[PDB]
Amino acid sequence: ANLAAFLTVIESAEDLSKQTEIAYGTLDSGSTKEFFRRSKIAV
Amino acid sequence: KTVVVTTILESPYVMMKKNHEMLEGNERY
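Protein chains in written order, with full-length UniProt numbering: chain A, 639 to 647, 654 to 687; chain B, 414 to 442.
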């Protein structure tokens, strides 16, 4: 039965922040790093 | 002319914006 079941059978930025195992980075000097540094949202 | 509007912070009806510690006026809500 379980073989039959086997054969038969991140989605956003928040899901990325929650997952610490996956690593994420940005360009060292750019609008992206500055935007993250100056941001005030929790994520 | 202006109306005195009363409210309470019962989300999501009324809630302060991001970093609202520095935010004031009608914009802070």
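Note that beta-carbon positions come from the ideal geometry of N, C-alpha and C, so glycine has one too.
### Query
For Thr664(A), which of helix, strand or coil comes out of DSSP?
Within the first sequence, residue 664(A) is the residue found at index 20, counting from 1. Looking at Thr664(A) - three-state DSSP - the assignment turns out to be coil, as it is neither helix nor strand.
Q) Since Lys431(B) contacts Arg441(B) with CB under 8 Å, what's their CB separation in whole angstroms? A) Counting from 1 along the second sequence, the entry for residue 431(B) is found at position 18. Counting from 1 along the second sequence, the entry for residue 441(B) is found at position 28. About 10 Å; that fails the 8 Å criterion.
Going by alpha carbons, who is nearest to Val687(A) out of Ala657(A), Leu671(A), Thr646(A)? Reading the first sequence from its first residue, position 43 is the one you call residue 687(A). Per the Cα distances, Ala657(A).
*Give me the Cβ distance between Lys677(A) and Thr670(A), rounded to the nearest whole Å; I'm assuming they're in contact under 8 Å.*
Stepping through the first sequence from its first residue, residue 677(A) is reached at position 33. Stepping through the first sequence from its first residue, residue 670(A) is reached at position 26. Contact annotation, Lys677(A) with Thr670(A): C-beta distance approximately 5 Å; criterion of less than 8 Å satisfied.
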